[PDB]
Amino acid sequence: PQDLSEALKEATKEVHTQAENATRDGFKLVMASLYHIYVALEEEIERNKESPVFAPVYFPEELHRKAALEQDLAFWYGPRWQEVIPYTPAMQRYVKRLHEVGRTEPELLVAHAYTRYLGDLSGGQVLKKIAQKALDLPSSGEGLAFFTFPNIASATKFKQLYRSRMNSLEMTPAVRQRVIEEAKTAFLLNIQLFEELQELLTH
């Protein structure tokens, strides 16, 4: 395909089927996981927000997710969530890779921003309404903030604008190859993450 956007989609297809291997305690694990991941991702994004290899996909208001995961994590783990939430080896690895890329090879940062943001944006509605029912919650209205990007009205419109920005990114054939491989790496990290949360909730 032409677009780096189209190339990413294709690559993340033959890899978007794996791991169909996997309750409350589980949702709380995926929420805590996502928090540690977004803290590192968003930290690295800020550090590289003005560089030409990332500036085009810098959308701070539309996509930041740390604050929402914070509201949610306060509801799931309580007022002292920051002390109690877990931080496992698989979470640690995703976080380190995130830091390595942001520090050493920022041109690949777009790979992780895409996997995370566009993945969570279009998959949310599904991953939400679904697991939530099997969750049964009160009438309070907290805990699911992560699934709503308030500053985005049209998911469809935003994705189009986001993909076009990725396509505006000036890169070479070689760099394009690492961006795609890096996208594949992010899927592995996510896959292994769920794998570890499984060998955890079943022991």
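Residue positions are given as counts along the sequence shown, with the first one as 1. Between two forms, the rigid core is the largest collection of C-alphas that superpose within 1.5 Å.
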Query raised in the report: Is 167-175 or 39-47 the stretch whose C-alphas end up farther from this model in 6 other deposited structures of this protein after a rigid core fit?
Result: 167-175
Report task. With the rigid core held as the alignment frame, decide whether 5-13 or 183-191 lies farther from the shown form in 6 other deposited structures of this protein, in terms of RMS C-alpha distance. Result -> 5-13
Query raised in the report: Between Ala22 and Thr23, how many deposited residues lack coordinates (none, 1 to 3, 4 to 9, 10 or more)?
Result: 10 or more
Report summary line: When mean C-alpha B-factors in the record are compared for 73-81 and 106-114, the larger belongs to 73-81
Report summary line: Ranked by mean Cα B-factor in the entry, 34-42 and 156-164, top stretch is 156-164
**Report entry** C-alpha B-factor winner, where the candidates are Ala68, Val57, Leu137, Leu63
**Finding:** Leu137
Query raised in the report: Is the Cα B-factor recorded for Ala186 in the lowest, middle or highest third of its chain?
Result: middle
**Report entry** Third assignment of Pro150 from its chain's C-alpha B-factors
**Finding:** lowest
